[PDB]
Amino acid sequence: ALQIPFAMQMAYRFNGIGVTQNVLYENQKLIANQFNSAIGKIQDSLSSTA
Amino acid sequence: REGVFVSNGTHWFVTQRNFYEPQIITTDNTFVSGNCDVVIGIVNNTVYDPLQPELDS
Ligand SMILES: *[C@@H]1O[C@H](CO)[C@@H](O[C@@H]2O[C@H](CO)[C@@H](O)[C@H](O)[C@H]2NC(C)=O)[C@H](O)[C@H]1NC(C)=O
Ligand SMILES: *[C@@H]1O[C@H](CO)[C@@H](O[C@@H]2O[C@H](CO)[C@@H](O)[C@H](O)[C@H]2NC(C)=O)[C@H](O)[C@H]1NC(C)=O
Ligand SMILES: *[C@@H]1O[C@H](CO)[C@@H](O)[C@H](O)[C@H]1NC(C)=O
């Protein structure tokens, strides 16, 4: 296991789907908020529906 | 362009992600996108131009 800052790991994950890194870094807060809200929606979906 | 910026304490190199082979940072290792007010964690360093010495001499 080789440590690596999570923002840079996500930069690699972006650069692996054909989107340059600067897209993430310039939109890091937007992407972080989108991810957090998505996880919240997952909680709601699992809690409401069996 | 491909790799990651690293530092051995004093100088900033750009290496490939999977094997430590440091290289001077020049404008052919790196590409410009944006400016310094938007990235979170951006540092100050000097990017060497391979063209300026040729023009100088
Ligand atoms: C980090 O690496 C750089 C070079 O890769 C080291 O700087 C060099 O040190 C030698 C030894 O005195 C000098 O002859 C070179 O001129 C230096 N290069 C540059 C560009 O200054 C540096 O000492 C290393 N840092 C640590 C903490 O090991
Ligand atoms: C990296 O360089 C920039 C300039 O390229 C520095 O920005 C300065 O920040 C101080 C503190 O707010 C201001 O008083 C200066 O006016 C800024 N410079 C310019 C040209 O606007 C920044 O401080 C540097 N960072 C480090 C860690 O050295
Ligand atoms: C890293 O975290 C420290 C707090 O432990 C903070 O002072 C620093 O500004 C952070 N740097 C980056 C690039 O996130």
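What counts, and where the lines are drawn
- Residues numbered from 1 in each chain as written, not as in the entry; some residues may be left out.
- Chains lettered and ligands numbered in written order.
- Part of a larger assembly, values for the part shown.
- Heavy atoms only, no water.
- Residues with missing side-chain atoms left out of burial classes, pairs and counts.
- Contact = heavy atoms within 4.5 Å.
- Buried area = accessible area lost by both parts, 1.4 Å probe.
- Salt bridge = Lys/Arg side-chain N within 4 Å of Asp/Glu carboxyl O.
- Polar contact = N/O pair within 3.5 Å; in protein donor to acceptor, adjacent residues only side chain to side chain.
- Helix = DSSP H or I, 4+ residues; strand = E, 2+ residues; numbered from the N terminus.
- Nonpolar A, V, L, I, M, F, W, Y, C, P; charged D, E, K, R; others polar.
- Core = buried A, V, L, I, M, F, W, Y, C linked by side-chain atoms within 4.5 Å.
- Buried < 20%, exposed > 50% of the residue type's maximum accessible area, 1.4 Å probe, protein only.

Structure determination for the deposited model, as stated in its record, used cryo-EM, and the stated resolution is 3.4 Å.

Draft legend 1. A look at the interface of chain A and chain B. Across the contact, 9 residues belong to chain A and 9 residues belong to chain B. Summing the contributions of chain A and of chain B, the shared interface buries around 730 Å²; its carbon and sulfur component is 58%. If you sort the residues of chain A by the area they bury against chain B, A:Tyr12, A:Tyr25 and A:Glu26 come out on top, with a joint share of 49%. Counting across the chain A and chain B interface gives 0 salt bridges. Our count for the chain A to chain B interface comes out at 0 residue pairs in polar contact. Counting only elements with at least two residues in the side of chain A that touches chain B, the list comes to α1 (6-15), α2 (21-26) and α3 (28-48) of chain A. Considering every element that reaches the side of chain A that touches chain B, the biggest residue donor is α2(A), with 4 residues. The residue makeup of the side of chain A that touches chain B, split by class, is 3 nonpolar, 4 polar and 2 charged.

Draft legend 2. Local environment of the nonpolar core. All names here are of chain A. Among the nonpolar cores identified, the biggest contains 5 residues, and these are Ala11, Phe14, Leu24, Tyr25 and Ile31. Counting residues per element, the ones that place at least two in this core are α1 and α2. With residues near it in sequence (within four places) discarded, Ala11 still touches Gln21, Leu24 and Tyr25.

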